[PDB]
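Visitor: I'd like to ask some things about the structure below.
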Amino acid sequence: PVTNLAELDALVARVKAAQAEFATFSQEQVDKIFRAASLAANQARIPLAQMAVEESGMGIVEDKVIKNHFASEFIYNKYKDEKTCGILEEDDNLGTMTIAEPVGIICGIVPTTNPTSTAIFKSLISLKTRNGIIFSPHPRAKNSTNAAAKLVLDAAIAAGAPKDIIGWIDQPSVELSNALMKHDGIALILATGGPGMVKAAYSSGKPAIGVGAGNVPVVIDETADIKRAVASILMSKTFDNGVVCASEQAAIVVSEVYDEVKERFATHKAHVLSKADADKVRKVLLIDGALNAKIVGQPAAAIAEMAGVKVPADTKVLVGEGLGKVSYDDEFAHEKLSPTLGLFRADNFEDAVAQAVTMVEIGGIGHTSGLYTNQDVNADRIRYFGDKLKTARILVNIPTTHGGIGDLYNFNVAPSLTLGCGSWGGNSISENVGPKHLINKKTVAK
Amino acid sequence: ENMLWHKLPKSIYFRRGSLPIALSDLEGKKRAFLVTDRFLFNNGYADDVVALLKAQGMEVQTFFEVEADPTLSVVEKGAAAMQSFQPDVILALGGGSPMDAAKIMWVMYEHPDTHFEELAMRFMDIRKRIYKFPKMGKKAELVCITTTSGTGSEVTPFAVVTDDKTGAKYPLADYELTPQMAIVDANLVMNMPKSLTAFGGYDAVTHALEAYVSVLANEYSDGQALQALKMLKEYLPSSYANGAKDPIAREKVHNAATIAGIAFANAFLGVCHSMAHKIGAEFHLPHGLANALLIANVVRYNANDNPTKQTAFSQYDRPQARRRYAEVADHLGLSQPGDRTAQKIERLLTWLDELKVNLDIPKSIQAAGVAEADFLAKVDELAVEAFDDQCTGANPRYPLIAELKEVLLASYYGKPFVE
Amino acid sequence: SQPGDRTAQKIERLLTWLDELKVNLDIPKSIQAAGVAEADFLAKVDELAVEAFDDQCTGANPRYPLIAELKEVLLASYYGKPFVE
C-alpha cells in the first residue's frame, strides 16, 4: 500500500535495488520475458477495457478493446528484436567499442482518457530497455491502471523477472506526485494529457518530454469530393466520442463549396447549430476558461441537453458555425475531446491556408494537419500546402485516425499518441519515442 | 489503394478411387512420416497407405497420437520423433487437428532452433505483410488427404494451437502453410454417419456463406462460392438420407467442401465462426452445428438498410450486404420474379431453416442440451472474448459486445430476430 | 431418530437425511434437470422397464416388482416426484 511519502521512499529504495539487479540481464533472456509479457497483455484486453469503461464512467468498450489489441500488437511487432544489452558496435581495427546502458528510474503519468493503453505501452517499453517505472495514475481512472500494472508485473514475475520493477501510487494525490516528481532517485518523467501538467513537468529542472496534441485543422477545397471527406471525418470524429489524441478540432470550408457541405452534414447525424444554443454550448465547453470536464467523452444528446437543448437522439456531432472570428477566446478554437465540431467559412485556398496556420499556432505543438482535395490535378496545391504548414503529420484525403477496411487506415502510421516533444513553446513538432531516447551510449577508444 | 489475393497449392488429385494413381507419382522420394489419429489407425486405412508405400518401399512411421485439438505438447513430441527420423516427406490424414498439427511440427522441424512464441505473436493475420518468414520446405515437404466433408483445412494456410496449462488459443496464418499436394478421394468417406455428414456440410455452408459477403471478397471467390452453394442444395438431402447407397451425392458434397475450402482461403471468415469456435470450446460442442444454430440471427444481424453506427468506409467497395443476399437468392432461384430485396432475403433464410430441419438439428441452444444457469454465467465473457477473436474478420458492419449477447440469447431461445 | 419415535418417523428422517445430504453434493433432483429429452423417455421407458425387470434383479429384492411399478418409479424420479401410494 502506497499512500504517504514514508512507504513511497520505501518502495523507491525497493524498486531501486530491483532495477540495479535487473540491469545486469542478458538479451537472450530478456527476450522471452518480452514475448511472454506482450502475449499476456494482448490476451486480456477486454477485462481491462470493461474495467476502464466502468471506472471512467464514459467511453466505448469496443474501441478500448481494439485499441488495446492494436497497441500491444504494434509495440511488440515494431520492437521484436533489437540489440539492447552489452556491446552494440565495434571497430576492432581501431579498438573503438560502443555499448549501451539503461537509464534507471522513470515516472509515468496516466490520464483518464486512455488509462490502460498507455500503461501497457510504457510498461513494455521500460521492461524492454531494462529500466524501472513508477506510475502516477489519475484518481478517477486508477483501479483499472493498477490492475493492469499488477497483471503485467505478474506475467513478468513468471518469467524470471526480479521481484518487481513497477511502482505506482495508491489513491494518487497532488502532493505525492510532486514529491516523486522532485524525488532525487528518478531519472526521467513521462507526462501526457492536459496542458497544465505538461508545462509543470517541463518546469521541473529534470529531463522531461510530453506527448500532447493541439487543435487539428482540416482544409477542404472546391476540387474535393464532398462525400468522401464527410464520411471520413464523421467516422474519425465518431470514434469513441472524439477522445483520441490529435483528433480533428475545426474545419475550414472554402466559399464555393460551403453551403452544400453544410447541408451535407444536415443530411446525416451531424446537427448544425447557428443560434443562441451556440452560446448555450460555448458556456459549457469553456466554463472556467479551462475546458469544462463534464463533457468528456459524452454523447451528442447528453452534451446537448446539458447545454440546455433537445436534439434528435440519432445525432452524434454538433456543428458550430459561429466561428467567423479566429482567436483563442473562441471555445470552438480550443480542442474539444468530445463529439463536437466548429467549422470555418473560408474564401479561397490561401485564405484557408492562413486560417489553418492561425489554428495551428493555438495548439502550440505541430502534430497533425488535414487536407481534403483532388490529388492528381493539384500537386502545386499539395507542395505549397506542405510548405505553409508545420506539423508532424500531413494527411491528404486521409482521416486522422486508425482503422478503416482491412489492415488499418492508414496501415503504415504510428498512433496519434507516442508523438511528444522536448519543448512546449511554439512550432514544437512532436516526435515519436524510442529506446534511443531511453538508453545512454558510451564508447571506448584503444 | 490496396491490393488483394488469390494463392492456392499447386496440385490436387481428386476423385473416386484416385488414391493409388494419386500416390503413384511419388517414386524418387525415400523417407516419409505419417500423421493421423489413433482411431483411424486402428481402422483399416493406415495399412492401405503403408502397403502402397512399401510397394515402392519407404522408411515410414505413423503418428496416430493426435486428439481433437493441437496441444502445444503433442506437436513437439511428434516433431522430435520425426527429426530423429529426419524424413523428407510428410503425409497428413483426416480432418483438422492431424493436418495443422503436422504443419506445425513440420515447420518446427524446418527450423528446430526458432522458438514458438515469436512465431506465434509475429504471425496472427494477413495484410500484415511485415515482415518475413524463415524459409521452409528445404528438407521435408507436405502431402495432404482429407476424410471429412465440410472442412477446408486441407488447403488453407491456417492453424490454431492450444496451451495445455492455460488453454490459450494461438492462431497462425500465412500462405506458406498451404500443403504442396492435396488429394480428395471419396472411398474413405462413404460409410461416415449422420448427422456427422450434416455437421460437416453445415460447417462448409457457413464457410461459403460468410466468404461471399466478406469485405475481403475478391472477384475470384464469388464464382466457386456460388458453385458450391448451388450444388449443395440438391445433394445434401439425398446424401444425408442416402449413403453409401448414393455414391453420387456423397463425393459431390465432398467436392463442395473442397470448393469452399478453396474459396475462404482467400476471403477470410467472419464473427459467427469465432463464436461457434468458442461456444464449442467451453461446452465441448462440435464445430459444424455450433455455427449452424447461429447463422440465422447472424444474417438477421447483418441484414440492415443503413445503420451508420459502427459501419466504416461504407460506400467504397461494399455496396450493401442485403444486395448480396438478394443476388444469391435470385441466382439460386429463391425468389419470385417480381420481388423486392427484403422478401428475397426472407425466402433465403426460410430456405436454410427448412434445410436445417431436414437434417435433424435442434432449434435452440437449450434444445441442444445446454443449461441456462451456466449459459447466463458465461455469456457475459463469451460475447466480449468473441469480439476480438480474429473477426476481424471481414465483417462489413462492426459489432459491439452488447449486440453479441442479444444474438446469443436469441439463439439459446429460438425466436426469429426481426425489427 | 428421536428416542420416542415410530418406525415411519425414523424412515422419513432417514430419507430426508439422504435428501439434503445429496443436495449438499450439487446434483440434479429430477432426471429432466439432469438433461434428458423426456418425450423419448416416455417413448422407450416401456421396454426399458421390461428389461429392467429381469436384469439379474433377481435380485435379493424382498418384494416382487411388476412392470407397472417400475414405470411409476421411473416417471416419478424423472420428474423428481415422490413415488408414494
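Visitor: Within the range B:369-419, take every residue that is small (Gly, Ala, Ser) and under 15 Å from A:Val65 (Cβ atoms) and give me the one that is surrounded by the fewest Cβ atoms within 10 Å (Cβ to Cβ).
Guide: B:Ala402
Visitor: If A:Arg35 satisfies every condition in (1) within 9 Å of chain B (Cβ to nearest Cβ); (2) over 22 Å from A:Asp164 (Cα atoms) but one, which is the exception?
Guide: So the condition that A:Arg35 fails would be (2).
Visitor: Also, quick follow-up: Only one of (1) in contact (Cβ under 8 Å) with a residue 40 or more places away in the chain; (2) surrounded by fewer than 21 Cβ atoms within 10 Å (Cβ to Cβ); (3) small (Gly, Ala, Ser) fails for B:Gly280. Which number is that?
Guide: (1)
Visitor: If only one of A:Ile134, A:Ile120, A:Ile125 is in a helix (DSSP H, G or I) and more than 17 Å from A:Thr84 (Cβ to Cβ), which one is it? Show your work before the answer.
Guide: On the way: A:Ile134 fails: in a helix (DSSP H, G or I); A:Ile125 fails: more than 17 Å from A:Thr84 (Cβ to Cβ).
Only one candidate qualifies: A:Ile120.
Visitor: Tell me which residues, restricted to the range A:183-196, are touching a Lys or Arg at 6+ places or on another chain (Cβ under 9 Å), part of a loop (DSSP other than H, G, I, E, B) and closer than 14 Å to A:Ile109 by Cβ.
Guide: Result: A:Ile186, single match.
Visitor: If I go through the range B:403-419 residue by residue, how many of them are away from chain A (no Cβ under 14 Å), without any contact (Cβ under 8 Å) to a residue 40 or more places away in the chain and of a type outside the set (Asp, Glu)?
Guide: Matching residues across the range B:403-419 total 2.
Visitor: Is it true that A:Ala266 is hydrophobic (A, V, I, L, M, F, W, C) and over 27 Å from the mean Cα position of the chain (by Cα)?
Guide: Taking the combined requirement at face value, the residue satisfies it.
Visitor: Just to verify a result, which residue in the range A:34-53, among those that are surrounded by fewer than 19 Cβ atoms within 10 Å (Cβ to Cβ) and either in contact (Cβ under 8 Å) with a residue 60 or more places away in the chain or within 19 Å of the chain's Cα centre (by Cα) (or both), is farthest from A:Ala147 (Cα to Cα)? Reasoning before the result, please.
Guide: Step one: filter the range A:34-53 for residues surrounded by fewer than 19 Cβ atoms within 10 Å (Cβ to Cβ), giving A:36, A:39, A:43-44, A:47, A:50.
Still in the running and either in contact (Cβ under 8 Å) with a residue 60 or more places away in the chain or within 19 Å of the chain's Cα centre (by Cα) (or both): A:36, A:44.
Details: A:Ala36: 18, A:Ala44: 11 Å.
The extreme case among them is A:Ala36.
Visitor: With the checklist (1) within 16 Å of B:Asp174 (Cβ to Cβ); (2) away from every other protein chain (no Cβ under 14 Å); (3) crowded, with 20+ Cβ neighbours inside 10 Å in hand, flag the one item B:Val75 doesn't pass.
Guide: Looking at each condition in turn, B:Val75 falls short on (1).
Visitor: Could you give me the residue pairs with C-beta distances under 9 Å whose first residue belongs to the range A:114-130 and is touching a residue at least 40 places away in the same chain (Cβ under 8 Å), whose second residue is in a helix (DSSP H, G or I) and acidic (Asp, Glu) wherever it lies, and which are 6+ apart or on separate chains?
Guide: Listed by first residue and then by second, the contacts come to A:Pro115/A:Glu55.
Visitor: Taking the criterion of being more than 9 Å from chain B (Cβ to nearest Cβ) and under 18 Å from the mean Cα position of the chain (by Cα), would at least one residue in the range A:20-32 satisfy it?
Guide: No, that holds for no residue.
Visitor: If you go through the range B:117-167, how many residues are buried (at least 18 other Cβ atoms within 10 Å of the Cβ), of a type outside the set (A, V, I, L, M) and away from chain A (no Cβ under 14 Å)?
Guide: 13
Visitor: Pairs, please: C-beta under 6 Å, at least 6 apart or cross-chain, first residue surrounded by 10 or more Cβ atoms within 10 Å (Cβ to Cβ) and in the range C:1-30, second part of a helix (DSSP H, G or I) and not hydrophobic (A, V, I, L, M, F, W, C)?
Guide: Filtered contacts from the range C:1-30: C:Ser1/C:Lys10; C:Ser1/C:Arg13.
Visitor: A further question follows. Considering each residue of the range A:83-101, count those that are under 30 Å from A:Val198 (Cα atoms) and touching a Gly at 6+ places or on another chain (Cβ under 9 Å), and give that number. Step through it out loud before you land on a result.
Guide: The first filter runs over the range A:83-101 and keeps only residues under 30 Å from A:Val198 (Cα atoms), leaving A:84, A:100-101.
With touching a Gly at 6+ places or on another chain (Cβ under 9 Å) added as a condition, the list becomes A:100.
Number satisfying all stated conditions: 1.
Visitor: Out of the range C:50-77, which residues are in contact (Cβ under 8 Å) with a residue 12 or more places away in the chain, under 28 Å from B:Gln366 (Cα atoms) and among the aliphatic types (A, V, I, L, M)?
Guide: Passing the criteria: C:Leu74, C:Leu75.
Visitor: Evaluate the range B:309-321: report whether one residue or more is aliphatic (A, V, I, L, M), within 24 Å of the chain's Cα centre (by Cα), farther than 23 Å from B:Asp222 by Cβ and surrounded by fewer than 21 Cβ atoms within 10 Å (Cβ to Cβ). Before the answer, list the steps.
Guide: First, pick out the residues of the range B:309-321 that are aliphatic (A, V, I, L, M): B:312, B:321.
Adding the requirement that they be within 24 Å of the chain's Cα centre (by Cα) leaves B:321.
Remaining after also requiring farther than 23 Å from B:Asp222 by Cβ: none.
Scanning the range B:309-321, I find no residue that is aliphatic (A, V, I, L, M), within 24 Å of the chain's Cα centre (by Cα), farther than 23 Å from B:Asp222 by Cβ and surrounded by fewer than 21 Cβ atoms within 10 Å (Cβ to Cβ), so the answer is no.
Visitor: Against the conditions (1) more than 21 Å from the chain's Cα centre (by Cα); (2) assigned to a helix (DSSP H, G or I); (3) surrounded by fewer than 22 Cβ atoms within 10 Å (Cβ to Cβ), where does A:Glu361 fall short? Just the number, please.
Guide: Answer for A:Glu361: the failing condition is (1).
Visitor: Now a separate question. Quick one: which residue in B:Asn291, B:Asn297, B:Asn302 is in contact with a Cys (Cβ under 6 Å, 6 or more places away or on another chain), away from every other protein chain (no Cβ under 14 Å) and either without any contact (Cβ under 8 Å) to a residue 60 or more places away in the chain or surrounded by 14 or more Cβ atoms within 10 Å (Cβ to Cβ) (or both)?
Guide: B:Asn291
Visitor: What tally of residues in the range C:47-66 results from selecting those that are loosely packed, with under 12 Cβ neighbours inside 10 Å and on the phi < 0 side of the Ramachandran plot?
Guide: Residues that pass the stated criteria total 11.
Visitor: Let me ask another. Only residues that are under 16 Å from A:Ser123 (Cα atoms) and at the interface with chain B (Cβ under 9 Å from one of its Cβ atoms): list them for the range A:44-67, please.
Guide: A:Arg45
Visitor: Continuing with this model, one more query. Just to verify a result, which residue in the range C:31-49, among those that are among the aliphatic types (A, V, I, L, M), without any contact (Cβ under 8 Å) to a residue 12 or more places away in the chain and not in a loop (DSSP other than H, G, I, E, B), is farthest from B:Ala368 (Cα to Cα)? Even if it seems obvious, please write down each step before you answer.
Guide: The first filter runs over the range C:31-49 and keeps only residues among the aliphatic types (A, V, I, L, M), leaving C:31, C:33-34, C:36-37, C:39, C:42-43, C:45, C:48-49.
Next, only the ones that are without any contact (Cβ under 8 Å) to a residue 12 or more places away in the chain stay: C:34, C:37, C:39, C:43.
Checking the rest, the ones that are also not in a loop (DSSP other than H, G, I, E, B) come to C:39, C:43.
Numbers: C:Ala39: 15, C:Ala43: 19 Å.
Filtering the range C:31-49 for residues that are among the aliphatic types (A, V, I, L, M), without any contact (Cβ under 8 Å) to a residue 12 or more places away in the chain and not in a loop (DSSP other than H, G, I, E, B), the one farthest from B:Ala368 (Cα to Cα) comes out as C:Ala43.
Visitor: Inside the range A:197-276, counting only strands (runs of 3 or more DSSP E) that do not spill past its ends, which hold 2 or more residues that are buried (at least 17 other Cβ atoms within 10 Å of the Cβ), more than 14 Å from every other protein chain (Cβ to nearest Cβ) and free of Cβ contacts under 8 Å to residues at least 60 places away in the same chain?
Guide: Answer list for the range A:197-276: A:271-273.
Visitor: Looking at A:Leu188, A:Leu124, A:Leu180, which one is buried (at least 19 other Cβ atoms within 10 Å of the Cβ), under 19 Å from the mean Cα position of the chain (by Cα) and over 26 Å from A:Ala49 (Cβ atoms)?
Guide: A:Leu188 is the lone residue from the list that is buried (at least 19 other Cβ atoms within 10 Å of the Cβ), under 19 Å from the mean Cα position of the chain (by Cα) and over 26 Å from A:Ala49 (Cβ atoms).
Visitor: Output the number of the condition that B:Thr146 fails; it satisfies all remaining conditions of (1) in contact with a helix residue (DSSP H, G or I) (Cβ under 8 Å, 6 or more places away or on another chain); (2) among the hydroxyl-bearing types (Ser, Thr, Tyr); (3) more than 25 Å from B:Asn266 (Cα to Cα).
Guide: Single failed check for B:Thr146: (3).
Visitor: Can I ask one more? Could you please let me know if A:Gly308 is within 20 Å of A:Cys245 (Cβ to Cβ) and away from every other protein chain (no Cβ under 14 Å)? Steps first, please.
Guide: On the way: within 20 Å of A:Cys245 (Cβ to Cβ): no; away from every other protein chain (no Cβ under 14 Å): yes.
No: the conditions fail for A:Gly308.
Visitor: For residues that are within 8 Å of chain A (Cβ to nearest Cβ) and assigned to a loop (DSSP other than H, G, I, E, B), tally how many sit in the range B:384-402.
Guide: Looking only at that region, the number is 4.
Since every read-out is calculated from the coordinates, none of them should be taken as a lab result. In this analysis, Cβ positions are derived from the backbone assuming ideal geometry, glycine residues included, and neighbour counts consider all displayed protein chains.
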